[PDB]
């Protein structure tokens, strides 16, 4: 036999251990349209109908975005857009209200509630109206049979909607 001394410079005393990390995917959509009717005299929404081009998703990552279009997510070939249609606005006060509407994702429809929070009602520089409001609320993937193949473990059953809107009077 024979004795050796490590060469610390070309020796690695190494280990690998697997762990999980929870993180939020944040995303918007670049391309959508809305029809907004609002009465600044009473701080009530009268009609709110949004259509979102699924195609235009942006989670700040190209490969995931493309993946979102596929059969196991949006199926944008078949169902190119998601729609929201307001059915009812219940004023709480001038800053706050409960908004009820029909959300349609990949052809499945469910009535959801969003929390309307009016961040500002104004008359502009030019004497024409402005508003700034937010719509917030949790929807469940399962309620829309959305991404059924993906486990509620890997990806949460809960999506959190945060629609932040600035908007000016028409014509």
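Numbering follows the first chain given and starts at 1.
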140-148 versus 24-32 - which carries the larger mean C-alpha B factor in the record: 24-32
Of 59-67 vs 101-109, the stretch with the larger average CA B-factor in the entry is 59-67
Choose from 9, 13, 17, 163 the residue with the greatest Cα B-factor as stated in the PDB record. 9
Within this chain, which third does the Cα B-factor at residue 126 fall in: lowest, middle or highest? highest
